[PDB]
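Colleague: before I ask anything, here's the sequence and the deposited coordinates:
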Amino acid sequence: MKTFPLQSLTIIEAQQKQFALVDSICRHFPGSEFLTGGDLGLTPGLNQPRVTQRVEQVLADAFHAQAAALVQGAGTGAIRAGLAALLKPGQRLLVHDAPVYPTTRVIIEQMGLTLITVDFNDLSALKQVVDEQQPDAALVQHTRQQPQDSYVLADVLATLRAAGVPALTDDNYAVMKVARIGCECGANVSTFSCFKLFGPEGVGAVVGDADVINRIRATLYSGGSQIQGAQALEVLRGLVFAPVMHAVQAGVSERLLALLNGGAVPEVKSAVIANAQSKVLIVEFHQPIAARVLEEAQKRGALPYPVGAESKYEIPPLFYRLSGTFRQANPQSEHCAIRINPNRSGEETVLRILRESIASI
Ligand code: NI
């Protein structure tokens, strides 16, 4: 099948992103202050830890934005906070003609928003619908929601900005893996889970325009609302490791794809790289052995279900079922095909686990 995956960073490009983030750290933390472990609580004038503020400044700087806020609830929390700062309950939100991310749909339902739908793959239709229906804001997913999605993030954002429609991007599984996240190419705010970036459980980030971020910070009254200094430092730690380790993974996925396409595993009928929704391999077998292969692969070290995904815990490759939306659209595929996210493994390991599992069914 045909896909249009996001463009991965090379190892050289990834190093440059790593270095640029560390440069921002240096410019916001005197060295002795970086070794302070992270402060706690509702410090006067900030209503958050001093170190958390600093980390937020670093995040804003690193992603070419005015401001940032760390929030509870990871990626879902970030999207909720961002949407709540862009529109009111009962207002109109523009979304792409494809399945809305499940917890995002929950947020939409809990806010009583009216959805306006258009195919983002058709910029002409996008522009017409925006002019006619006058949405109060737009949400754009960075990763691919369905195989046929081929739109360029920056171009969709540019269209929205020209029409004066505030835009939020859901950048999960794209951050530190592509050249520009939403707030770097036209969005009013980007959002992402830090848990999916080798960071701490429960922590999400909203990064973008100060007026939006300030509205978010104003709602974070309570002690529990805050991200503690140590958690904030862990976000930076994870983010510094993210680009290079993912560039290594992107290389593994490309080499694995080439080997499979070259016939390394005769029992494989087809293989493709796809954003599903993170960039992974989709491997289809000639015979309906997918479930058996998944069972055998787990015994040989493959992760059988995700955590983050792409969290600090997820080191061995993930061999997993197909996504819900894809299975709905293609009811027979689940018997024949699987997703593989190599995580920190190499292609020879994935190939070996694949071959040994097939031999053992
Ligand atoms: Ni089959």
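Modeller: Nice, I can see it. Residues are numbered from 1 along each chain as shown.

Colleague: can you name the residue of this protein nearest the ion?
Modeller: Across the chain, no residue is closer to the ion than residue 336, which sits at 3.1 Å (C-beta to the ion). C-betas here are computed from N, CA, C, even on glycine.

Colleague: would you confirm that that residue contacts residue 285?
Modeller: Yes - with contact defined as C-beta atoms under 8 Å, residue 336 reaches residue 285; the gap is 5.5 Å.

Colleague: give me the common contacts of the two.
Modeller: Common contacts of residue 336 and residue 285 (C-beta atoms under 8 Å, 6 or more residues apart in numbering): residue 269.

Colleague: need the three-state assignment for residue 205.
Modeller: strand (DSSP: H, G, I helix; E, B strand; the rest coil).

Colleague: let me see the contact set for it.
Modeller: 59, 68-71, 78, 190-192, 194, 235.

Colleague: among the residues you listed, name the ones in helices.
Modeller: Within the contacts of residue 205, residues falling in helices by DSSP state H are 59, 78, 235.

Colleague: out of these, who's the most crowded?
Modeller: Ranked by the number of neighbours (other C-beta atoms under 10 Å), these place residue 78 first, at 30 neighbours.

Colleague: residue 3 and residue 147, how far apart?
Modeller: For residue 3, the distance to residue 147 equals 5 Å [C-beta to C-beta, to the nearest Å].

Colleague: what sits in contact with each of those two?
Modeller: In contact with both residue 3 and residue 147: residue 274, using C-beta under 8 Å, 6+ apart.

Colleague: one step back: show me what contacts the residue of the chain closest to the ion?
Modeller: Contact analysis of residue 336 by C-beta under 8 Å, 6+ apart lists 269, 284-285, 287-290.

Colleague: out of the contacts of residue 205, the closest to residue 177 would be?
Modeller: Lowest distance from residue 177 to the contacts of residue 205 (C-beta to C-beta) belongs to residue 192, with 10.9 Å.

Colleague: tell me the SS of residue 270?
Modeller: strand.

Colleague: tell me the bridge partners for the closest residue to it other than its chain neighbours.
Modeller: Nearest residue to residue 270 in three dimensions, chain neighbours excluded: residue 284, at 4.5 Å (C-beta to C-beta, 6 or more residues apart in numbering). For residue 284, the beta-bridge partners are residue 270, residue 337 (DSSP bridges).

Colleague: give the contact list for residue 284.
Modeller: 268-271, 333, 336-337.

Colleague: so what touches the host helix or strand of residue 80?
Modeller: With secondary structure defined by DSSP states H and E, residue 80 is part of helix 74-86. The contact list for helix 74-86 (C-beta under 8 Å, 6+ apart) reads 69, 71, 73, 93, 101, 103-104, 106-108, 111, 113, 136-137, 139, 166, 168, 170, 172, 188-189, 191-196, 201-206, 212-213, 215-216, 219.

Colleague: what's the answer for stretch 143-152, then?
Modeller: Here stretch 143-152 makes contact (C-beta under 8 Å, 6+ apart) with 1-6, 96, 98-99, 101, 120-121, 123, 170, 172-174, 274-279, 325-326, 329.

Colleague: 6 Å - rerun?
Modeller: The contact list for stretch 143-152, computed with C-beta atoms under 6 Å, 6 or more residues apart in numbering, reads 1, 3-4, 98-99, 120-121, 173-174, 275, 277.

Colleague: buried stuff in it?
Modeller: Going by neighbour count (16 or more other C-beta atoms under 10 Å), the buried part of stretch 143-152 is 143-147, 149, 151.

Colleague: from the ones in helices among the contacts of residue 205, which are also near the ion?
Modeller: Applying C-beta under 5 Å from the ion to these, one finds that nothing falls near the ion.
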